[PDB]
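Notes follow the structure.
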Number of protein chains: 2
Amino acid sequence: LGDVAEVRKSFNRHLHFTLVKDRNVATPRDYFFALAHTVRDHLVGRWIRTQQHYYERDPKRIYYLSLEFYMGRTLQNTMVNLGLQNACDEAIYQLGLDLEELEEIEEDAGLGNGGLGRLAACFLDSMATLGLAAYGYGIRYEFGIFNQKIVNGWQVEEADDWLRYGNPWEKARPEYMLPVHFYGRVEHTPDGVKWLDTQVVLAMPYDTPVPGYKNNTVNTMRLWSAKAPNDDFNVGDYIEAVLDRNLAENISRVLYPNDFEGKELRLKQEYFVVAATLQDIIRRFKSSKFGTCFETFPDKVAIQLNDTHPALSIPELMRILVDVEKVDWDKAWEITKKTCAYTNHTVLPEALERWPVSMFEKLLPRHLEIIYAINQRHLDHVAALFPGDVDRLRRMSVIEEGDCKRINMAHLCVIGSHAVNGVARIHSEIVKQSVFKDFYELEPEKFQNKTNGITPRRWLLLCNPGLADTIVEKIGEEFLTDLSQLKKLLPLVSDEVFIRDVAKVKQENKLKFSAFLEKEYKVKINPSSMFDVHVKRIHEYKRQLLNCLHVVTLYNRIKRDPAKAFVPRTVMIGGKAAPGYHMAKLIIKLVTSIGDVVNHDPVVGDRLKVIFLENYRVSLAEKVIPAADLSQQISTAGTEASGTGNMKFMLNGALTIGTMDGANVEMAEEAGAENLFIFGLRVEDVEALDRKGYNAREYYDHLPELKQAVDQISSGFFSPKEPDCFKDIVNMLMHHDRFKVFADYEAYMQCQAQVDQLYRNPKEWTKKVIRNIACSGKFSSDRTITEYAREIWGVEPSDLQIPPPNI
Amino acid sequence: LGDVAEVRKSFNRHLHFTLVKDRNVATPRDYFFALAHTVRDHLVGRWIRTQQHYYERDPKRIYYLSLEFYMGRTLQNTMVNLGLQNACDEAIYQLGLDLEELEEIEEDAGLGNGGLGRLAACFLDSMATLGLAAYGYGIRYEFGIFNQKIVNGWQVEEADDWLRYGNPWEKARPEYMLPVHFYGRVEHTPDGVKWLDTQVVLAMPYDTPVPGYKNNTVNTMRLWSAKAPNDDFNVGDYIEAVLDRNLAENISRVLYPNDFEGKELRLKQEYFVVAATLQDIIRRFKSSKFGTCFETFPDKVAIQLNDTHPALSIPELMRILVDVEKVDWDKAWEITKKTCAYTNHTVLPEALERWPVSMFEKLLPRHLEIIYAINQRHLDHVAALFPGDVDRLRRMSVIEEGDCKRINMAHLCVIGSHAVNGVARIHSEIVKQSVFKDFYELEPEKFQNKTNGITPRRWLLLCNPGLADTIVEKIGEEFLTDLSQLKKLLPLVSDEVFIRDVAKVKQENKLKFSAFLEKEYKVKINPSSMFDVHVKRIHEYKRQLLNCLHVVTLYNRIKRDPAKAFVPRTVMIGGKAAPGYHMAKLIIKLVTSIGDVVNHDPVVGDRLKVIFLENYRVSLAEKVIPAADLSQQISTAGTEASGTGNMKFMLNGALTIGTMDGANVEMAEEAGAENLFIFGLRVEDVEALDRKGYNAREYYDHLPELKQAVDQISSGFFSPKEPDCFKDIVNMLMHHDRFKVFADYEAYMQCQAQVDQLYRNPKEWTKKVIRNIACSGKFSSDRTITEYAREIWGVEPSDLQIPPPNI
Ligand SMILES: *Cc1c(COP(=O)(O)O)cnc(C)c1O
Ligand SMILES: *Cc1c(COP(=O)(O)O)cnc(C)c1O
């Protein structure tokens with residue numbers, strides 16, 4: 001190949017001219033950078049051409065606004081979307097280096113946190129693959145959230161210094177910087193409303209390429225860094241300036257800060273992305289090749305609000321249009337509603353974001369005025385349609401009364417958007433009928449569903465090339481951009497060759513992940529054991545404790561009859577606890593405490609191993625998901641909207657043990673519920689238990705295997721040196737357990753036995769797996785994005801065709 | 001040429017892949033950057049090879065430590081030292097751009113201030129041209145000193161945001177960062193002295209290439225940026241951290257800060273460069289290919305102290321050697337004295353740098369201990385050689401008594417260095433016999449002279465290619481690296497062709513600078529008028545006022561007899577005033593006030609124009625010096641050590657009006673005093689006037705042209721709206737004038753008449769010019785550096801021969 005020679009020549013060129021190093025002084029990190037630059041150069045040609053193409057053809061632009069972008073690592077994705085993986089592997093080998101070693105030096109982008117952020121990243125990959133003129137907008141968080149470390153079995157938060165050595169992917173655009181205004185006061189003058197005496201924070205843009213899979217599109221993620229404007233002063237004025245500089249820069253410091261007016265910092269962050277972004281969208285709109293003029297704005301601009309975090313987009317668009325662009329209020333409002341769309345990710349109305357009005361009086365006095373005007377006009381309309389309905393007016397109002405007046409940002413999003421969607425079929429029904437019941441009665445057509453999805457490139461082609469090839473051999477390459485083509489795998493459940501091939505891939509993946517496990521955690525991993533994986537946020541509603549009780553029950557069962565034939569398990573539990581969440585940190589400690597007992601018991605041996613997977617991130621998900629046999633998706637029914645981890649396990653050859661909630665429902669409906677290990681209380685059963693009243697004591701008293709497990713946890717069997725360590729866990733499970741852990745224990749145990757009986761038969765296990773994989777095509781973010789594009793954005797995929805670039 | 005095609009291809013490549021731009025979105029600044037990168041790539045090959053060569057051949061390394069590096073602009077110097085000027089000019093033309101326009105977009109590096117900084121930059125260029133293994137070490141000042149603006153005839157200081165858009169020349173080395181310690185306390189333990197509880201500031205290195213002229217050497221300038229280490233805290237601890245972060249970062253904010261414990265900030269800056277640098281020098285020494293071991297240190301390392309600013313090098317080298325490297329005190333001291341050398345730039349002992357010991361007690365307690373030990377051992381030696389001489393001990397001590405104990409940093413430099421030099425022959429005699437009289441008596445051999453110099457590349461080949469070619473045609477190219485070869489021009493004073501050629505070059509230069517003048521200042525410049533140039537620091541001792549009085553006298557002379565034939569003059573006065581220097585700001589105002597009257601008087605017309613050259617910098621020196629007919633070097637005799645501006649005018653075809661002091665003396669001695677316009681009080685005459693007592697009133701009273709000029713200044717003729725504006729100027733000239741402005745007025749007037757009579761005869765003017773240029777070869781920094789290398793560093797130039805690189 002001439003390709004292998006080009007990468008080799010480009011790597012050395014970057015090493016000498018970009019890094020200003022030679023092979024004697026270079027570190028592995030320098031080698032990662034040299035390669036990352038080599039690979040980025042292949043994107044640049046397409047990136048320039050793509051932006052030249054959108055300027056020429058002026059397509060409708062999609063703006064995806066999120067406070068989270070859980071991007072992971074970029075080197076591998078970039079290499080695969082450009083087809084250069086094989087050429088780089090060989091070039092790096094010939095250079096005396098190891099591609100996978102270099103891949104491990106890259107930092108996980110500290111730009112996301114959980115589901116909401118990964119959803120944004122999958123979306124961006126799909127929008128680029130579908131040829132949409134899409135731009136991701138967010139904050140360039142300098143220190144991510146935090147890297148989880150486990151010290152003495154407890155979680156410790158370490159700072160995520162991911163930009164320490166620089167990010168090779170991003171380009172700084174200091175020339176496209178915009179001012180963000182805070183505080184000040186508002187004056188009504190004859191020339192229009194003026195927002196005066198404001199503090200100014202500068203928004204500095206950094207652009208990152210978002211490549212399309214096997215097309216020529218390379219889109220942009222534009223992330224803003226907070227910087228103070230520089231400069232008279234007395235001693236006090238000098239200290240005021242240094243502090244304002246620091247408070248400016250900590251807007252883009254960490255995701256979801258705590259600090260207790262660190263809530264004011266969250267509001268500042270929200271406005272900082274909104275104002276930065278909207279000024280950029282408008283500037284792009286009026287700077288079009290060949291440009292009263294704002295009437296075409298809803299035809300050239302869609303703004304998607306990923307949760308209520310970017311909710312200020314509504315009154316800020318109203319502000320720029322009316323106070324700067326001199327557009328008439330009514331016209332600006334009809335423009336606002338048509339440009340904005342809102343996606344909700346939560347169930348029950350109390351999770352929805354609220355801000356005190358007093359906080360708005362101080363930080364954003366002009367936006368408060370606009371919000372008040374939007375609300376009044378909205379309630380006049382409601383009063384016209386439903387005369388004398390006084391309680392309807394209070395329910396539908398964006399401003400709520402209580403111990404202080406508050407602004408319901410969700411209500412503001414509903415009123416200022418043309419479309420409102422939930423993230424799964426039943427969640428979207430709850431969004432309609434319960435969360436925004438009154439809004440649904442007034443405008444049913446506004447409310448929609450956009451079932452979540454995952455990208456088939458990262459969550460298959462990247463993390464599981466072995467499985468990807470085995471599917472490619474049988475049904476060709478077209479499924480990678482049209483994942484519903486995996487249904488052609490259905491007849492292959494009879495094929496003895498395919499079954500032994502899918503099983504071989506899984507075991508290869510299991511062996512590669514065992515090697516990571518033994519090296520890092522120092523536990524002897526059984527290769528023939530079943531990989532039982534539960535990876536998500538440590539939270540009571542997610543019920544890692546339910547999984548803990550199962551593990552203790554199994555430990556006790558091996559101890560009672562050590563001669564008995566037992567299905568071997570490697571139980572992996574991972575996830576980050578919120579720093580101030582006392583119960584979740586107790587739970588992490590329980591898992592490691594259980595593991596200490598289980599993994600060091602000589603009677604137990606190679607039958608049961610328990611590991612807490614430290615620092616669950618995007619990059620680690622890509623190692624563990626392809627190696628999983630069983631996926632635990634065991635949240636209490638009625639708590640989960642969707643879930644995307646569910647989808648990742650289904651595509652990578654794992655069977656699912658779960659409740660009938662969130663994504664599991666649509667996964668059952670796609671593959672048939674018999675191919676999934678559904679158990680426990682149904683949404684309606686949970687409600688019926690609340691009518692009876694949950695008495696967890698009755699369960700503990702009349703379930704012997706559970707009583708033994710809880711007593712061990714309580715008495716200090718898993719914590720000999722500090723026997724009251726889990727007192728608050730036990731106290732919660734018996735008296736305050738809102739998530740009904742005991743109520744689902746029996747059903748969960750019985751269900752795990754059915755899992756054990758199926759794993760005992762390798763062929764029928766893998767047959768059920770093939771049925772899962774073949775019916776997962778629906779859960780492609782391509783499908784989700786095509787849905788958003790046609791039913792919300794009014795754009796057609798592949799209507800823009802970027803041609804091969806010029807160097 | 002294949003060269004023109006390569007630059008074109010590299011520019012576009014940098015524009016696309018480095019800048020991530022196309023020609024539609026690119027600004028002229030992007031074009032400057034694209035070109036700057038193209039050109040830097042040619043240095044990199046040599047830069048890598050040079051550092052590979054010094055590692056292989058382990059030569060003795062020269063470390064030039066300065067708090068100032070007045071580098072100017074780099075694009076032109078870089079192009080000429082690589083021979084790519086012509087190829088770039090053509091490539092940029094073919095691209096549709098203008099090289100000189102792009103050259104003007106580059107910022108003057110805000111790394112220097114005056115003479116001391118430019119000396120450092122000329123030295124670095126010479127050391128590279130001579131093939132020395134030389135490293136410049138200093139501070140990367142983020143905001144320079146200040147850009148001078150003239151608003152309403154007064155100086156305003158504007159912030160020098162020179163790094164705003166980035167520096168294309170430098171490479172960040174965050175991996176070679178070193179800690180700097182401050183404060184803390186000191187503990188004597190059995191394992192040696194320990195410096196504990198210190199605050200730590202990080203020194204982040206940035207490397208800049210220093211190319212040799214027509215050789216393959218590219219050396220390094222290593223400049224340190226102050227950064228705080230990142231991270232528990234209460235409300236107060238948080239504010240303490242934010243302030244310490246800011247105080248850390250303002251170490252590398254501005255040159256010579258004011259802030260009144262902004263003196264503590266100067267001390268911090270001094271230590272920050274010393275500690276950063278010495279740790280780097282040692283790390284390089286022990287990391288040599290194949291490395292008790294410190295005995296070879298004085299043979300592999302020379303540290304040159306450019307003034308007392310890096311004086312802490314002595315006790316810090318002692319600290320690292322004894323407390324870290326476990327070297328014996330006596331051995332470490334003999335190593336210290338042999339590695340360090342000190343250059344003094346001042347006359348009279350009261351200008352020498354002192355710090356209160358209390359400030360050292362707090363900021364550097366371990367260095368104070370070391371200084372006290374160095375001093376005691378030094379005074380024991382003095383006590384041995386001169387027993388019972390109690391006053392000799394007090395004079396020779398590094399610690400002085402008074403309103404508080406103080407550390408004389410100059411005494412510390414003398415005691416801890418093997419060599420001590422002045423910067424001109426007579427200044428070096430004063431350094432020996434007066435400033436350090438007692439030290440000279442004890443060790444005469446330590447004391448030396450190293451007459452200053454300027455680089456022939458920047459101060460001839462770059463700023464004056466026209467003159468450079470006219471010399472190249474007659475004596476070939478060898479003078480550019482052996483400037484004493486300009487003596488071959490001496491017989492050409494008879495050559496009628498050469499004389500008219502040198503005059504043609506001057507007039508071309510005058511015309512190009514008139515075009516800059518008319519465009520920027522909006523005054524009609526007479527092309528046949530004499531360019532009278534006085535560019536330096538605005539200070540009473542430099543006597544811009546003496547030049548002001550001459551200009552007023554000439555204005556008055558044209559007004560008395562407007563019909564009379566008068567030699568036309570363009571008088572240019574430039575220079576920056578220290579922000580707190582009331583008299584110097586008054587002086588700038590006087591010049592602009594005079595100009596307002598002179599330049600707008602219709603009786604005067606094209607005979608006399610007065611301009612204040614705004615923001616005298618390196619880049620502006622390169623425009624004005626080649627266009628000058630007359631160089632004013634008029635400081636009071638006995639005040640100037642050397643001067644390098646003097647030298648620049650002499651090389652570029654200007655005649656010198658000056659006093660018999662500093663560089664003027666050696667310039668007279670080189671070209672013969674008859675070829676220079678020497679006037680006024682001699683050093684000995686100044687002393688004799690102090691014996692008589694200077695009564696400036698006697699001069700004002702009995703010199704009518706002066707009385708008229710002073711009365712106009714006093715009465716408000718030059719300031720109609722604020723007639724008492726120059727009251728403090730007049731009050732000073734009559735009662736407190738230490739610089740004897742009136743005493744030299746008559747001699748200066750008479751001398752200017754001789755200048756007027758010579759300019760009246762073009763041929764004899766240019767003959768005298770040729771005599772100046774031909775005898776300027778001595779004032780090459782190559783000569784100075786060869787001198788330092790052989791008489792101080794013990795290195796031979798051209799003993800290291802870097803071979804052509806590999807790409
Ligand atoms: C896909 C993914 C998630 C989402 O998991 P859910 O519990 O389904 O919300 C979270 N974190 C990471 C690292 C992921 O890759
Ligand atoms: C050469 C130079 C100097 C030194 O001038 P002196 O008065 O001779 O010390 C100062 N500033 C600039 C910009 C120079 O180029």
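Order of the sequence lines fixes the chain letters, A, B, ..., with proteins taken first and strands second; residue numbering starts at 1 for each chain. Because only heavy atoms are used, hydrogens play no part in the values below, and waters and symmetry mates are left out as well, while side chains stay in. Counting starts at 1 for both ligands and their atoms, in listed order.
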Looking only at distance, does A:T644 have an N or O less than 3.5 Å from an N or O of ligand 1?
yes

Using a 4.5 Å cut-off on heavy atoms from C-beta on, say whether the side chain of A:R457 contacts that of A:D125.
yes

How close does the nearest protein non-hydrogen atom get to atom 12 (C) of ligand 1, and which residue and atom is it?
A:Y616 CE2, 3.8 Å

How long is the gap from CG on A:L67 to CG on A:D307, to the nearest 0.5 Å?
9.5 Å

At a 4.0 Å threshold, what atoms of ligand 2 neighbour a non-hydrogen atom of B:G643?
8 (O)

Does any part of the side chain of B:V533, heavy atoms only, come nearer than 4.5 Å to the side chain of B:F649, both counted from C-beta?
yes

Any N/O pair A:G645/ligand 1 closer than 3.5 Å:
yes

Is any side-chain heavy atom of B:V624 less than 4.5 Å from a side-chain heavy atom of B:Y616?
yes

Considering only heavy atoms, does B:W459 approach ligand 2 within less than 4.0 Å through its side chain, its backbone, both, or neither?
side chain

Atoms of ligand 2, numbered as shown, that sit under 4.0 Å from any heavy atom of B:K536
7 (O)

Could you tell me, atom by atom, which parts of ligand 2 come under 4.0 Å of a heavy atom of B:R617?
13 (C)

Using the side chain to side chain donor-acceptor pair (under 3.5 Å) definition, which of the options B:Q148, B:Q155, B:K576 pairs with B:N615?
B:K576

Nearest protein heavy-atom contact for atom 9 (O) of ligand 2: which residue, which atom, what distance?
B:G115 CA, 4.1 Å

Could you tell me, atom by atom, which parts of ligand 2 come under 4.0 Å of a heavy atom of B:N646?
8 (O)

Strictly under 6.0 Å, is that where the ring centroids of B:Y581 and B:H539 end up?
yes

So how far is it from A:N113 CG to A:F69 CZ, rounded to the nearest 0.5 Å?
14.0 Å

What are the atoms of ligand 2, with element, lying closer than 4.0 Å to any heavy atom of B:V618?
13 (C)

With atoms numbered from 1 as shown, which atoms in ligand 2 lie under 4.0 angstrom from a non-hydrogen atom of B:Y70?
11 (N), 12 (C), 13 (C)

Going by distance alone, is a donor N or O of one side chain under 3.5 Å from an acceptor N or O of the other, for A:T656 and A:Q633?
no

Would you say the side chain of B:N646 lies within less than 4.5 Å of the side chain of B:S631, judging by non-hydrogen atoms?
no

Ligand 2 to B:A621, heavy atom cutoff 4.0 Å, flagged ligand atoms 15 (O)

Ligand 1 to A:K648 polar contact by distance, N or O atoms, under 3.5 Å
yes

